[PDB]
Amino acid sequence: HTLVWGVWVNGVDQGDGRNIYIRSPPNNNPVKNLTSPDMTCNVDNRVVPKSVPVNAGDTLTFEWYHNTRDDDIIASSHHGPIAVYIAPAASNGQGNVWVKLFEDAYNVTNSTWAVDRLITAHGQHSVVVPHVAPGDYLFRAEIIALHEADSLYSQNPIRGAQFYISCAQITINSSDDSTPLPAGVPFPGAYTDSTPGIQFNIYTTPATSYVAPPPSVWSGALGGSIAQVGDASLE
């Protein structure tokens, strides 16, 4: 159970984005139905009044929280991966539009899941803004909690992989468009009951064997991190 509070751009806090530049759902409950329209941008997908200006090459940091800013972030039980996707905003997230910019699942070096490191990072994970066409975009940050993912939601709707999905409205101003955005995958649709990484038993199956759901990270993607960029306590 987690939500996005706002974003930072090059370590500068853009301020509380909830219902402002984040298409915030009404609460932190997960999405679990893989064929739900709610898989696009969570249960209240609509245009919000602001879009955060960035340029290609900026560091864009998403900041998550549980109940209040810079708290426990997400229950520690919620082990799983983190991904970020991008789509042109005019699509409203519909159709074959989502391109993956970031994946972090289980780090064998550190023996930690992305969610574990997100807690340590005070809810902060970042991407480099890619060199796509200037314009308005949706950045879809997705945490998958796997603690009940041994079951398919379609078999037992009390369980299943849990999707904490947050769409941020980002406007890319200065970009050379050296890597034009291609078509991508649909949400709902990209993840199905047979997709690797959706049904996974963290109690019985080693995390060293976990394969995150496709698609693969796009060749145009410039990278990211799971790390505290900004100190909310200084404000």
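Residue numbers here begin at 1 and follow the sequence given.
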Mean C-alpha temperature factor, higher of 177 to 185 and 60 to 68: 177 to 185
Which of 24 to 32 and 168 to 176 has higher mean CA B factor, as the PDB entry lists it: 168 to 176
From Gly95, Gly160, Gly123, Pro130, residue of greatest CA B-factor: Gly95
Residue with maximal Cα B-factor (values as given in the PDB entry) among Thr192, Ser51, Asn45, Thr208: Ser51
CA B-factor ranking of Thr204, expressed as a third of its chain: highest
Chain thirds of CA B-factor: placement of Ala75: middle
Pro213 - Cα temperature factor, lowest/middle/highest third of chain: middle
Chain-wide C-alpha B factor ranking for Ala90, given as lowest, middle or highest third: highest
Where the record places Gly17 (Cα B-factor, split into thirds across the chain): middle
